[PDB]
Amino acid sequence: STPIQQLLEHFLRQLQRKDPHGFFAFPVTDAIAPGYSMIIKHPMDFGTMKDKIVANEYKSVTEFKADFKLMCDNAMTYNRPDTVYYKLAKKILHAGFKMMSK
Ligand SMILES: Cn1ccc2cc[nH]c2c1=O
């Protein structure tokens, strides 16, 4: 694997530690989130991000960060603010960018 893949695998491991329940581990299904696919146009999750690293689809750290932000923004769009998912998305968006900045 390439230096970028190694760095992104490291960032991904550290980001997933901030989601110990694995709420962001796999794509959101409509079965657990009614109507999700009809509301969220560009779904994202950590498992898809892992597959993109392995496929070498991220050509910059910026692209990886954009998928992480997309994942969090989706949760803050579909869910109401008084939900576990909204609250965690907001928390990990900020904490995750901080972690990747230094
Ligand atoms: C990320 N995520 C995971 C599960 C779920 C159920 C309702 N909303 C959500 C959500 O946003």
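Residues numbered from 1 in each chain as written, not as in the entry; some residues may be left out. Heavy atoms only, no water. Residues with missing side-chain atoms left out of burial classes, pairs and counts.

Header annotation of the entry names X-ray crystallography as the structure determination method and lists the resolution as 1.0402 Å.

In the nomenclature of the PDB entry, the protein is known as Bromodomain-containing protein 9 of Homo sapiens. Anyone opening this PDB entry will find it titled "BRD9 in complex with Cpd1 (6-methyl-1,6-dihydro-7H-pyrrolo[2,3-c]pyridin-7-one)".

## Examining the site of the ligand
Surrounding the ligand, one finds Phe23, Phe24, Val28, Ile32, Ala33, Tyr78, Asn79 and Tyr85. With respect to the ligand, the side chain of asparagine 79 contributes an N or O atom lying 2.8 Å from an oxygen atom. In the complex, 91% of the free accessible area of the ligand, which totals 290 Å², lies under the protein chains. Taking a 2 Å distance to the grid points as the criterion, the majority of the atoms of the ligand fall inside the largest pocket. Classifying every residue of the shell around the ligand by side-chain character gives seven nonpolar, one polar and no charged. (Near = heavy atom within 4 Å. Polar contact = N/O pair within 3.5 Å; in protein donor to acceptor, adjacent residues only side chain to side chain. Areas by Shrake-Rupley, 256 points an atom, 1.4 Å probe, with all protein chains shown as cover. 1 Å grid on protein atoms, 1.4 Å probe; cavity = no way out; pocket = protein on both sides within 12 Å on 5 of 7 lines; lining within 4 Å. Sits in = over half its atoms within 2 Å of the grid points. Nonpolar A, V, L, I, M, F, W, Y, C, P; charged D, E, K, R; others polar.)

## What to know about unusual backbone geometry
Phi at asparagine 56 is positive, roughly 60 degrees, even though this residue is not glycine. Within the element layout of this structure, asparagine 56 appears in the loop between α3 (46-54) and α4 (61-78). (Helix = DSSP H or I, 4+ residues; strand = E, 2+ residues; numbered from the N terminus.)

## Here's the deal with the nonpolar core
Proteins that are soluble and globular tend to have nonpolar side chains buried together. Ranked by size, the top nonpolar core spans 20 residues in total, and within it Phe24, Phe46, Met49, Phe64, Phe68, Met71 and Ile92 carry the most contacts. At the level of secondary structure, the elements contributing two or more residues to this core comprise α1 (3-17), α3, α4 and α5 (84-101). The contacts of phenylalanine 46, once residues within four sequence positions are left out, are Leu12, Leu15, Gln16, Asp19, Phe24, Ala25, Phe68, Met71 and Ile92. (Core = buried A, V, L, I, M, F, W, Y, C linked by side-chain atoms within 4.5 Å. Buried < 20%, exposed > 50% of the residue type's maximum accessible area, 1.4 Å probe, protein only. Contact = heavy atoms within 4.5 Å.)

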